[PDB]
Every structure is written in structure tokens, then in C-alpha cells.
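Undergrad: My questions all concern the structure below.
Every read-out reported here was derived from the displayed coordinates using simple, explicitly stated rules and does not represent laboratory data. Note that we place each Cβ from the backbone using ideal geometry, even for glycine, and neighbour counts take in every protein chain shown.
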Amino acid sequence: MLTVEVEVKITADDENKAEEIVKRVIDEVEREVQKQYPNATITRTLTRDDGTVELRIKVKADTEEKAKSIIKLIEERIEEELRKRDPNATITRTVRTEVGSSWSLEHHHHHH
């Protein structure tokens, strides 16, 4: 089990609504993801700013690929629902976790 974060910086005219709409999405997707991916735990961290909301979704899952699926469910719904109140909402997705432990120190020379 690995954890992966995605930091989506959202520029919006009404950041106050932007945050609350995204939260509504995260939770309505989360309850479904706990049934489809019972391994995958979603955590959310939003912080508002002068015409911005910094969204950080932390998905702890078996694989970051299946976690990318979960992130995409959140992406589609946050973008849709937010623009329905505020069309100024442009989201900028940046992956905060670059999946390490790539370098496998596989040392083996068995005498037979």
C-alpha cells in the first residue's frame, strides 16, 4: 500500500463557494470509492486564498494507477459542479507524489 497526493490549484472568482462545492464532490465520490476500492482511503485538504483554492487529495491505495482512477472521478465532478456556480473556475492539476521505490536493489547470485 502506497499513498499518492494530487495538488490541484483552482483559480476561481468566488473561492468561498469553490471550496465547499469541491468538498461536496470529494465526500459523494469518497463514500462510493470505499465500496469499489475498499483498500483506498481518501483524505482531503483545501485552503482558500485571494481568488484561489489549493486542493490536495491524498489517496492511500494498493497502486497509484487505481488511485489515478479515483483522482479522475474527483476531477470530472469538481470541474462540472464548480463551473455551474462560477465559470471562472479553472483547475490546474499537479501530481504531488512522484511514485518512488523504483530502484530495486535486487542482489542475488545463488550457488547451486
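Undergrad: Please compute, for the alpha-carbon atoms of the chain, the extent along each of the three principal axes and give them in descending order in Å.
TA: 70, 30, 17
Undergrad: At a Förster radius of 25 Å, what calculated FRET efficiency corresponds to the Cβ-Cβ distance of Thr92 and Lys68, to the nearest 0.05?
TA: 0.90
Undergrad: Given +1 on the Cβ of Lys and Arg, -1 on the Cβ of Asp and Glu, and no further charges, what dipole in debye does the chain carry about its Cα centre, rounded to the nearest 20?
TA: 280
Undergrad: Then there is this: Give me the extension gain from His107 to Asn16: residue separation times 0.36 nm, minus the current Cα-Cα distance, reported in nm with one decimal.
TA: In short, 27.4 nm is gained.
Undergrad: Then there's this: Beta carbons within 10 angstrom, averaged per residue: use that to sort the peptides 98-110, 51-63, 77-89, highest first.
TA: Ranking, from highest mean packing down: 51-63, 77-89, 98-110.
Undergrad: Where does helix 64-83 land angle-wise versus the long Cα axis of the chain, in degrees 0 to 90, nearest 10?
TA: Roughly 0 degrees between the two axes.
Undergrad: Report the local net charge at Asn88: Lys and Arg +1, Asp and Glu -1, summed over other residues whose C-beta lies under 9 Å from its C-beta.
TA: -2
Undergrad: Across the chain, how many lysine pairs, 8 or more positions apart or on different chains, have C-alpha atoms separated by under 22 Å? Please give the number.
TA: 28
Undergrad: Report, to the nearest 10°, how far helix 15-36 tilts away from the longest principal axis of the Cα atoms in the chain, using its own Cα long axis and a range of 0 to 90°.
TA: Relative to the chain, helix 15-36 is tipped by roughly 40 degrees.
Undergrad: List the relative contact order of the chain as a percent without decimals, with contacts defined as Cα pairs under 8 Å and 6+ residues apart.
TA: The normalised contact order for the chain reaches 42 percent.
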